[PDB]
Amino acid sequence: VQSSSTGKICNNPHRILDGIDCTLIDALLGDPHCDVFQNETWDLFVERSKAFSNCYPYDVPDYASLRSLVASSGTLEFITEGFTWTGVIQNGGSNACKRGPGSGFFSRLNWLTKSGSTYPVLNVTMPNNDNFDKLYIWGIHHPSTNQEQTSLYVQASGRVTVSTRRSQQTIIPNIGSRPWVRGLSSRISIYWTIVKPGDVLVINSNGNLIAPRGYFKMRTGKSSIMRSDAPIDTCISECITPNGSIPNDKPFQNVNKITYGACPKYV
Amino acid sequence: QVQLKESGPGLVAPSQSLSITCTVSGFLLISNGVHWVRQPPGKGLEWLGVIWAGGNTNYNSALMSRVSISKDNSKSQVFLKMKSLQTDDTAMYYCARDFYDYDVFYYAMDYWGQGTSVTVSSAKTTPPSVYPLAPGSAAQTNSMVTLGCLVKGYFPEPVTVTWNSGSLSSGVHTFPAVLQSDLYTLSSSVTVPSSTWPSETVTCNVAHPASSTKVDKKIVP
Amino acid sequence: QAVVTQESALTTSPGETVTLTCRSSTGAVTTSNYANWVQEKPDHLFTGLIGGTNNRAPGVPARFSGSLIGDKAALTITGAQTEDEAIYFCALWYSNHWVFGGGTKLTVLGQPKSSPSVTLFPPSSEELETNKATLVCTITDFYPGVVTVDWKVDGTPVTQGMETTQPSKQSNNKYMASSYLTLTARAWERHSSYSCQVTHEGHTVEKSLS
Ligand SMILES: *[C@@H]1O[C@H](CO)[C@@H](O)[C@H](O)[C@H]1NC(C)=O
Ligand SMILES: [Zn+2]
Ligand SMILES: [Zn+2]
Ligand SMILES: [Zn+2]
């Protein structure tokens, strides 16, 4: 049995993307310090421990699953789209996610807020005419107070509906105070929607929408994600494990149940 | 960096239509609103109206019937359009950026433009009539006699008063123009020693570029 | 919508601690009003100073502070410096409508008081021939830059035909100004004595003729 690793993860021959201090999801949403991972691509994406977010406090229900769907796709290719928001202020941002001289937010998300006196009943629609699936990511904002809810969205309680021809997610914000994070007691909740060809993404809301800026091109799940603090070395090796590289010469390995590439069977 | 510039007419006749442009740079119009503030000569500031980032606008109740703000998000231009102009409208026109803080929730006018002056006059370019000013009442108080020169009714600004073609410089005091009737009157006074006037000639020179006229007028006792 | 009111002018000296104030006809100035304090410097080049009542804008020196003091909003320069001389405008938000104040002129006494040199000029024969008479009173070299000009005819007080230029800084930084009294030759003949009364720092210095 193969029962030992070099200790490092060899840079060759699989395109191994080290996230350094960004996890996938942070690099996905576009946390200011993962701006480097934009449009990046990989066979295997290793998430380190250092990893810390540092933008608007958010939570992703169905995290481990949205994470895996992206990880497999292996590309982070984002495609901007001409969304037309008429009636609200776009490009909103915050001090808990500074960028440049001040207030910032996730590069791949667009915070809409009221335009002066009002927040209209948004209802955009965006058809997928292409020959590939589209992975739209959006979110809902949950202010912690009826004051915040109304300063930003006017309406006393908002609602977000993101429908396609076969689905229908209607999440309604939930005002209340969550624990302080980077000075905030507020939160945003990340949702997703895959749109099949000849389908139409439809966003209708009248509050709290944290709109999509476009879509992520999705290829076929040949790639994979892995958490490991293993050093990366310049070397050729086929079987990668959280513990490092192990040779695929023996038929059974007992090093780890998680591996990448032509690997010995786990025992 | 943020930056706002106003480009407008400069001079428009009463009953015509005023159209100023505020060309913003370094921020998007869909991210911020732009405000219009005017400052008539020797008055306070007046808020004209505002165009929000959503396109909707909010105008000053009073002037609302005549104002009209718009904008071309793609060109980065905010447009202030005024109709049925009347003289009162002469004032400096300013566009300033509307700011909102998302964490403390307050409005504010952070970036002010440079401004652009707009005079609403129905006057044709007319040269200034220049009358010389001498003391008249010789009290013989002290060695400093003071002469003056009235530059009545010209248009538009500016005029260039000079005494003795520049020879006299010491205390030439040339005050700002005013708006009597519909033209600009102004004056300038040079002070000299009694042992200089009427002894020597002190001449007043008034060049008014706009109407290529240049009158000199010797000030007699 | 309402009427924001504030001090016409305030005169401090370096070091002193001045406090401009901003009142509301409609009532007390709350946080709801987002009191904005714009600073107008020479030749109308405005600059934001404080937003939302007390949020100090970046460039603004530590010495400027926004606050509510009772039912009115206020700005406090702590240790005013000559470079603080400016017109300080107050703006108050009232439901998607801004309302500015009259502005306060802040003088920061940086030099010795200087008394104006008044000069009344009688109408020129020339100007009279065309049947019009314009009295020119030139007030100059005064400091600080604030005078009040009043006209008098035969001892009685004038209330028409007078126009006074706002004061203008000089090169020596003192001030100059001017006032005109315009009457028709006929009306000019109708009286005997004419006077220009310049009031600066309590005293009044007048010049007159006949
Ligand atoms: C990502 O891809 C799009 C593809 O059309 C391009 O517009 C954008 O600049 C790309 N960004 C980077 C950092 O490669
Ligand atoms: Zn392989
Ligand atoms: Zn002088
Ligand atoms: Zn009389």
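We number chain A the same way Swiss-Prot does; the residues here are 59-325, in that order.
Placed from the backbone N, Cα and C atoms, the Cβ positions cover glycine too.
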Second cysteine of the disulfide that Swiss-Prot assigns to A:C293, among A:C68, A:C80: A:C68
Least buried by Cβ count (within 10 Å) of the disulfide-bonded residues A:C80, A:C155, A:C293, A:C321: A:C293
Among A:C113, A:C155, A:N181, A:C297, which are recorded as recorded positions, the nearest neighbour of A:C80 (disulfide bond) by Cα: A:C113
Structural state of A:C68 (disulfide bond), classified by DSSP into three states: strand
Between A:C68 (disulfide bond) and A:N301 (N-linked glycosylation site): CA-CA distance (Å): 11
Candidates near ligand 1 among the disulfide-bonded residues A:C68, A:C80, A:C92, A:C113, A:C293, A:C321, judged by a Cβ under 6 angstroms: none
Among A:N97, A:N181, A:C321, which are recorded as recorded positions, the nearest neighbour of A:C68 (disulfide bond) by Cα: A:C321
